[PDB]
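One structure below.
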């Protein structure tokens, strides 16, 4: 099948570094420079062999045509009210970017408010964050170009959708919060740095500061409100309390669900916001998460995981702040994770729980925490919600593996609090009743039972003949819940596949203990859990090794790349998207320093010893058995992925091709595709999304010799 030659790639055999006595050679270290002629030539040479490989078979075109047809369905976000107007996002179907609409009433005619599509021919300029002023008359929005995390904040007067001159640069990983006096907005920015700041650079991001921008002024006049010069990795995000009296500063360092919480009673400022605020350091440590829900005077309600790994709601009175005095409003559930909480209609709390990786939604009384109403939902996820303290209604969006979903509306001024279907779209071409979703729990190596969702056509014989697509992430307290994917359903319908999602440790499915079970010294549990998921699918007859494809992105890319090295015999195909591959150097670039809370850092001998054992870049090794080769592998990255710098995938593919690709027994391809004007994934235009899934499934089809089923 391989009718191409892998590119020549220079090996710098002198690139040796000592890590606590262990000598590590990094012959492709030069690929860390994205601007060199050598790296640019490497990328061109790799794409030169990958593209024809993906496009040779007619199936890519068949898949692309089908994806373009089926993905073409109306996509709406929940309505949300700001001031006297309603807003909602809507994509007619194939627009590159969804459009923000506005209407003066639910029954009123909607009009385009912000259309990102006119900002670029290819849709590579996308909205990234926004904030309306408290009265809803002004609007701030971030724009990111080519998929970069960098943001430029622009402003508009809502009435007439008038563009304002205010522009904020150097914004990244930023909060956006307007003071209730309507004078300005808090946001975060990074100090100037040498080199580029467009997403192609690898420069580490440190010293993020909190600024206050007064509307109608130049950014140079912005007020510095908080900075942490002695702690370069701290990031402080601001939000205003619901009554506009306090600015709450949530300080994070790393990625664990914990934060310091400082507050500033704005009434107590000597002469408004003129400099560093009079911060009161309520919670001055990183021992727990304190997520603001609402306040009544000095009594603040926070969602927390402090000594509650499944989360709970507590009330902290600023006038009697000691922990021994905090009141538990809604106790922690023994197993269900309290995912998020919102306050609406003054005294109602909307609580969203995760029960065995499925969402539940309910309404509680703010004063007592008592359950008042349960909002019925089918098996799936709540992926959207609207309803702030002053609002008297809520909207929520539900989705699942087999249906785009439903947007519900509930008028909270009605005695019974009954919800109703507000919007429901169905995809013609896919019949949900033809498929089924089952949830099973399989034991991992250490006996821990791991959940796994499996989606397949009803009535299939479990004879191991089906191609399977197994997805996992496993980290950062992220729960992988049901979501609607037309691309995956095409694999099921048109490629006869079985879909599987394994809720391995490291995620947040069973709270902080689930998270801690897949990080630091225990990171291997993630890989073991995932490998065991594959073994379950094989043992139970859903698939066989040669027909199994695994996929993951970012930390999920690390997951599947590590699984390829550790158990090459278990998989037929591996698609690793924007993955962290160099575990010894990840902390050196952009925001990588934040991931040490999940992975550890190689500067530590203890951590290095964990990392070196699974780091994908450092564990590429020819399988010992003559009958075992590496699975077909496709790495997908982009030149503006500043979240996980592309050098990770560049160095990894060079290593795979040299160590494994040169072996005579290796007939499965080891390829990389580096896209342009794209980044980690957020904000990617529809056109690129379609091309990406077409590449993915065409790769699977060609490598596993799978015919298209019309």
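From the backbone N, Cα and C atoms, a Cβ is placed for every residue, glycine too.
Lifted from Swiss-Prot, the feature list:
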{"type": "ACT_SITE", "residues": "554", "note": "active site, charge relay system"}
{"type": "ACT_SITE", "residues": "641", "note": "active site, charge relay system"}
{"type": "ACT_SITE", "residues": "680", "note": "active site, charge relay system"}
{"type": "MOD_RES", "residues": "1", "note": "N-acetylmethionine"}
{"type": "MOD_RES", "residues": "157", "note": "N6-acetyllysine"}
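Everything Swiss-Prot records as a feature, shown here on the structure.
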residue: 1; record: N-acetylmethionine; DSSP class: coil
residue: 157; record: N6-acetyllysine; DSSP class: strand
residue: 554; record: active site, charge relay system; DSSP class: coil
residue: 641; record: active site, charge relay system; DSSP class: coil
residue: 680; record: active site, charge relay system; DSSP class: coil
Open item on the list: Using a 10 Å radius around its CB, how many other CB atoms surround residue 641 (active site, charge relay system)?
Closed with: 29
Task: Between residue 1 (N-acetylmethionine) and residue 554 (active site, charge relay system), the C-alpha gap once rounded to whole angstrom - done: 29
- [ ] Quick one: pull the CA-CA distance for residue 641 (active site, charge relay system) versus residue 157 (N6-acetyllysine), whole Å only.
- [x] 32
Task: Intrachain C-beta neighbours of residue 554 (active site, charge relay system), sequence separation six or more, cut-off 8 angstroms - done: 473, 577, 578, 579, 580, 643, 644, 680, 681
Task: Position of peak Cβ density within 10 Å, selected from the recorded positions 1, 157, 680 - done: 680
